[PDB]
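J.: I'd like to ask you about the structure that follows.
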Amino acid sequence: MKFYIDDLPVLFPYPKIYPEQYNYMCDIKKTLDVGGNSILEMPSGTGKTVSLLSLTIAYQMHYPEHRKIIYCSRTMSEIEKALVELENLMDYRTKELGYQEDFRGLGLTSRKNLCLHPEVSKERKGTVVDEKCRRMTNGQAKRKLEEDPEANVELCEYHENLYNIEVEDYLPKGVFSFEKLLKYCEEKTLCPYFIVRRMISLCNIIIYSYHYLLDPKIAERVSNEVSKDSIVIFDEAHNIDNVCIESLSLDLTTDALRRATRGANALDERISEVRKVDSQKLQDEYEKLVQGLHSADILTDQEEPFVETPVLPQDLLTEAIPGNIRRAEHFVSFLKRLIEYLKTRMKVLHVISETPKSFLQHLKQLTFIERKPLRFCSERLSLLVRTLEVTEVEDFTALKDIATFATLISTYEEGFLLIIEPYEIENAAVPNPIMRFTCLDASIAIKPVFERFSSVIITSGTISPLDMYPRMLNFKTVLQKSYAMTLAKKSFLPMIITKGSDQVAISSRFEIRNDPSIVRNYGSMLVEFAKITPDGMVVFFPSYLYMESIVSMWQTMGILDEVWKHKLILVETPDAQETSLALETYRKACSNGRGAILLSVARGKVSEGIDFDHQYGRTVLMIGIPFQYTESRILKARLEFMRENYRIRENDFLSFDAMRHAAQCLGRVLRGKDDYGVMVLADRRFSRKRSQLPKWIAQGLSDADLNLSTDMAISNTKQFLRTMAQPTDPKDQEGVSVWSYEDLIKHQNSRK
Amino acid sequence: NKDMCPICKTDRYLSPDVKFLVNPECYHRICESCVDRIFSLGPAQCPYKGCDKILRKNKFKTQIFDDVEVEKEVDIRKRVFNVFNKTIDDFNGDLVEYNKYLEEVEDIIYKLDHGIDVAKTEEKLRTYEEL
Amino acid sequence: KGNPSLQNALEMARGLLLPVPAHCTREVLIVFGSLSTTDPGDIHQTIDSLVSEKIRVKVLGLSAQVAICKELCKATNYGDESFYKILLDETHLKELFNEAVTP
Amino acid sequence: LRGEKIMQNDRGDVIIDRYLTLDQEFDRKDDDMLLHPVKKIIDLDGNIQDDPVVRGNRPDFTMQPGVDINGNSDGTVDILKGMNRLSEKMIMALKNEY
Ligand code: SF4
Ligand SMILES: [Zn+2]
Ligand SMILES: [Zn+2]
């Protein structure tokens with residue numbers, strides 16, 4: 001429809017609108033008029049994405065400012081879903097307005113998802129795809145082929161064809177989803193990745209992941225091309241802090257250190273060979289470093305550094321090279337002695353938790369390495385690798401981790417902690433040391449996002465509680481509110497199962513995973529739910545190892561044999577490719593009525609981004625609360641950091657994280673108010689955590705369901721499934737759960 | 001060998017008394033038992049074949065890095081940095097001249113490490129340490 | 001006894017309704033009791049063939065709303081989702097059986 | 001083939017067990033007609049490859065497959081792939097001319 005919010009005409013691509021969608025648009029428009037950060041818990045099931053897209057495009061085209069739009073999500077699948085919704089929205093806008101306006105919408109992802117070269121396509125790692133695409137498209141290969149046409153080097157035809165046409169002539173106007181962009185670039189023989197990367201400054205709206213805004217290894221180039229006065233939307237941001245922890249962390253193993261020694265020796269051999277052949281290619285770099293030119297001055301815009309910058313651009317030093325690492329052999333010896341100091345530090349028999357300042361002092365007193373040459377380690381390594389013109393970079397991949405560690409631990413000294421553990425896994429007999437430099441303050445990586453952009457709209461389907469995040473991440477919300485969906489009938493029926501069929505209390509604690517009776521209750525529960533579920537069913541587990549153990553011993557006693565009589569079993573493999581096959585097989589098995597059960601981790605890959613709507617959902621079996629491994633040193637260090645700084649209790653934060661993962665997995669089941677699915681929680685500890693649930697979930701959870709047994713839950717599920725199997729009355733839902741245009745006009749007239 | 005001390009020919013397994021007693025003069029895998037046997041009487045030459053530099057027992061130490069070349073580079077860096085200790089405040093904030101001084105001290109450390117200009121750089125170090 | 005096959009029943013009914021003349025309407029009434037079905041082939045091809053033969057299928061389910069039955073009813077009844085009926089109690093089953101005698 | 005874990009204490013049958021390695025080859029060949037590109041809506045492979053240079057903290061052993069005392073896998077991940085392969089084969093058997 002078409003309706004007006006204040007002076008803003010909104011083109012909604014559906015003939016009916018939920019009331020929660022209209023209230024959501026009103027709050028977003030109020031925030032954009034204010035121009036500050038806000039947190040909005042738009043409930044799942046309802047059109048969270050489509051309302052955001054419709055209102056922000058209406059705000060962009062109507063207002064004379066024409067602010068650009070950034071849409072940051074957590075998974076590439078959600079990016080594609082947002083692109084599809086945006087394509088539908090602009091198709092509706094073109095139909096209503098009668099013309100296709102000047103519009104550009106593109107999704108941004110890595111080279112692995114946007115490569116059309118037939119040779120480098122089957123590589124299972126994204127790093128080798130990036131290094132091969134760089135090797136073919138660094139510009140050195142192009143000038144080498146221009147100077148030597150008979151050279152054995154090759155160029156990618158999908159990248160060269162972009163040189164013939166202009167940047168604005170890469171694609172026609174409109175929105176290009178990844179499937180459509182790949183089809184178009186295959187038809188025109190073009191590289192979609194370089195098309196998207198060059199159209200960042202031209203796109204009215206650009207959708208990418210949180211890694212392209214928070215992780216400075218890839219967000220350095222993207223954040224320069226975007227406008228600082230742009231609208232910023234965060235979709236499914238309830239786990240965004242983990243991305244911040246994922247942005248500024250690094251783990252080093254002794255195998256990585258051995259490969260680093262081998263790479264340093266290979267680098268020394270290469271610099272010795274180049275010094276014998278041509279020292280001019282070293283002398284020009286040396287005098288450029290003398291003049292104070294940084295990596296950006298020596299590198300061209302088309303090429304990329306060998307080592308990505310692991311720190312924030314605002315934290316990079318603007319002064320020149322200190323000179324200890326200016327000479328190539330001196331820098332090689334510097335890196336070698338840094339690697340040997342790291343190898344010395346790894347030979348420990350107990351866990352050492354030390355600040356970066358203490359590590360720097362010990363390194364200076366043992367190796368005479370200062371902080372200032374360490375702050376330029378990654379830049380100097382990238383410049384040396386560029387000037388060496390090495391054909392092979394696989395031997396120097398381990399040096400990237402050393403440069404990342406050197407640059408990270410030198411620039412950052414507050415909010416970071418270095419953990420050295422003698423045992424990576426306690427089950428292994430031989431000791432396997434690991435050194436973890438982790439980011440305890442998640443607000444560090446997200447601080448330049450809030451500093452650069454005035455208006456940030458944090459939104460997740462199950463972001464709760466809304467006041468935890470502005471304390472966790474240093475930002476102020478102008479308004480925070482959580483909507484409750486208006487339902488003619490109770491659309492979803494949550495229940496908390498604290499005890500089994502034989503009234504034995506059930507829990508998913510890691511130490512009691514091998515108890516008979518709790519596993520008997522879980523197996524009988526799963527069999528009964530598979531017997532009573534019509535279409536499909538998804539089961540979530542706190543960890544992969546817990547699921548492995550419980551499924552293996554379920555197969556040992558033959559619980560799964562009874563499940564095979566009703567539904568097919570598909571399990572989340574650690575391999576993402578086989579997991580995708582299992583997921584599409586689950587979707588196929590739900591469609592044709594075979595029935596399937598999908599076992600997955602509540603904190604795994606399937607838990608984030610993947611939706612289970614209608615027949616793909618219908619039952620979310622929660623085996624326990626997805627708590628993290630408490631005995632891990634990183635989690636305890638982060639908990640101590642939040643207790644020290646933000647006064648957040650350790651148990652409170654652990655319960656918050658576990659219940660937000662449970663909330664997102666429960667919210668994956670709903671799309672539309674016609675959709676239904678039961679939300680069963682099989683742990684005794686869920687009962688005290690009803691207030692930590694999202695507000696819309698908490699309304700559906702009655703007080704009588706807080707301590708249900710197995711059989712009572714089965715009876716309630718059967719009654720619920722029989723209840724909505726009837727057709728609903730339209731007169732009971734004509735203007736209370738869904739609104740037409742006339743109902744929206746009547747409500748607008750009632751509001752004034 | 002990384003495990004066995006060829007001077008006494010003792011494996012680490014059945015003879016756990018072997019230790020990483022290195023020499024600043026010439027770094028070698030001599031154990032403490034071989035040190036307490038040969039050099040307790042007095043100074044002598046290097047017990048390893050192919051090397052005969054005169055060494056003292058009291059100069060012995062333990063290696064802190066796995067690589068011998070890195071260990072001798074760090075020890076030469078210590079032997080140069082003791083008198084070469086000019087800082088930023090020593091140059092009164094002159095950043096470029098501080099970089100030139102760092103390049104010079106790294107170059108003389110490299111020359112002492114590889115021995116290409118050991119005599120002239122040693123003379124320069126001996127003249128500098130008197131000042 | 002056994003695990004029911006919707007596709008086998010639909011193919012048998014398609015074979016039965018093939019010699020039916022064009023003036024005589026072709027209708028199938030499926031009283032489906034189970035919640036999952038095992039088919040020897042693709043049931044969507046059978047649904048498309050039934051749509052191409054103008055055969056209208058009405059399904060009365062016993063336990064819950066099965067998605068494949070809803071899709072089959074919607075495809076065979078030209079988008080009408082009201083032909084998939086689920087009972088509530090004893091008399092509702094009587095009323096649903098008495099509703100199907102009307103053309 | 002039943003999904004039970006294989007232990008070396010069982011005698012098996014020497015005539016049948018000659019096919020075991022060949023059966024593994026069949027399992028490999030099973031992937032040879034099971035692996036195919038999927039839509040970007042459910043592309044879980046591209047989700048972890050969206051950030052190619054991510055080097056965050058390694059997940060703990062609860063988030064990883066179980067290992068033996070020597071570090072090798074305990075084989076409980078193979079039965080998961082076995083039942084997933086069985087489900088995929090039963091679904092793919094419906095895709096025929098019938
Ligand atoms: S230029 Fe594009 S198509 Fe060619 S190798 Fe690189 S990513 Fe692949
Ligand atoms: Zn000895
Ligand atoms: Zn010697």
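Recorded method for this deposit: electron microscopy, 3.1 Å.
Note: Cβ is positioned from N, Cα and C throughout, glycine not excepted.
Annotated ATP binding site per Swiss-Prot: A:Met42, A:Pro43, A:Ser44, A:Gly45, A:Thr46, A:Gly47, A:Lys48, A:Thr49, in sequence order, evidence recorded as sequence analysis. Residues or ranges marked as [4Fe-4S] cluster binding site in Swiss-Prot (evidence: similarity to another entry): A:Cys115, A:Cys133, A:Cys156, A:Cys191. Per Swiss-Prot, domain 'Helicase ATP-binding' is recorded for A:7-285. Annotation source Swiss-Prot lists motif 'DEAH box' at A:235-238.
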J.: May I ask which of the binding-site residues A:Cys133, A:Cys156, A:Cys191 is closest to A:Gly47 (ATP binding site) if we compare their C-alpha atoms?
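T.: Looking at Cα distances from A:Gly47 (ATP binding site), the smallest one goes to A:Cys191.
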J.: If I restrict to non-local contacts, at least six residues apart, and a C-beta distance under 8 angstroms, what lies near A:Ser44 (ATP binding site) in its own chain?
T.: A:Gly461, A:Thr462, A:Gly667, A:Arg668, A:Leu670, A:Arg671
J.: In sequence order, which same-chain residues at least six apart have a C-beta under 8 angstroms from A:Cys191 ([4Fe-4S] cluster binding site)?
T.: A:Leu114, A:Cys115, A:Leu116, A:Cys156, A:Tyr158, A:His159, A:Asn161, A:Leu162, A:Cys185
J.: Which residues, in sequence order, are found in the same chain with Cβ within 8 Å of the centroid defined by the Cβ atoms of A:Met42, A:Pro43, A:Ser44, A:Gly45, A:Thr46, A:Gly47, A:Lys48, A:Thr49 at the ATP site, excluding those residues themselves?
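T.: Filtered neighbour residues, in order: A:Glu20, A:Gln21, A:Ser51, A:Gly461, A:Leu670.
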J.: Among all the protein chains here, how many other CB atoms are within 10 A of the CB of A:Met42 (ATP binding site)?
T.: 27
J.: Which whole-number value in Å describes the distance between the Cα atoms of A:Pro43 (ATP binding site) and A:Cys133 ([4Fe-4S] cluster binding site)?
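T.: The Cα atom of A:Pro43 (ATP binding site) is 42 Å away from the Cα atom of A:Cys133 ([4Fe-4S] cluster binding site).
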J.: Kindly point out which of the binding-site residues A:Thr46, A:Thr49, A:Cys115, A:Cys133, A:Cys191 have a C-beta less than 6 Å from some atom of ligand 1.
T.: A:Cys115, A:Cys133, A:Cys191
J.: So what sits near A:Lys48 (ATP binding site) in its own chain, CB-to-CB under 8 Å and at least six residues off in sequence?
T.: A:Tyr24, A:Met42, A:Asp235, A:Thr459, A:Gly461
J.: Restricting the comparison to the binding-site residues A:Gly45, A:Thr46, A:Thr49, which residue's C-alpha is spatially nearest the C-alpha of A:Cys133 ([4Fe-4S] cluster binding site)?
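T.: Sorting the binding-site residues by distance from A:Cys133 ([4Fe-4S] cluster binding site), the top entry is A:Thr49.
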J.: Taking the Cβ of A:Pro43 (ATP binding site) as centre, how many other Cβ atoms lie within 10 Å?
T.: 22
J.: Show which residues of the chain containing A:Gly45 (ATP binding site), separated from it by at least 6 in sequence, have their CB under 8 Å from its CB.
T.: A:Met485, A:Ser491, A:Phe492, A:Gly667, A:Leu670, A:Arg671, A:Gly672, A:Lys673, A:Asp675
J.: Using the Cβ centroid of A:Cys115, A:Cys133, A:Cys156, A:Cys191 as the reference point for the [4Fe-4S] cluster site, which residues of the same chain not in that list have Cβ within 8 Å?
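T.: Once A:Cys115, A:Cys133, A:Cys156, A:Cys191 are set aside, the remaining close residues are A:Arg111, A:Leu116, A:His117, A:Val120, A:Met136, A:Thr137, A:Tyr158, A:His159, A:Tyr193, A:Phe194.
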J.: Name, in the order they occur in the sequence, the residues of the same chain whose CB lies under 8 A from the CB of A:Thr46 (ATP binding site) and which sit 6 or more residues away.
T.: A:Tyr18, A:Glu20, A:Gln21, A:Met485, A:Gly672, A:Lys673
J.: Where does A:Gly45 (ATP binding site) sit by DSSP, helix, strand or coil?
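T.: The residue in question, A:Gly45 (ATP binding site), is strand (DSSP, three-state).
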J.: With DSSP, how much of the motif 'DEAH box' (A:235-238) is helix, how much strand and how much coil, in residues?
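T.: Residue counts for the motif 'DEAH box' (A:235-238) by secondary structure: 2 helix, 1 strand, 1 coil.
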J.: Does anything in the same chain, at least 6 positions from A:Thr49 (ATP binding site), have a Cβ under 8 Å from its Cβ, and if so what?
T.: A:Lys81, A:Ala82, A:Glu85, A:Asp235
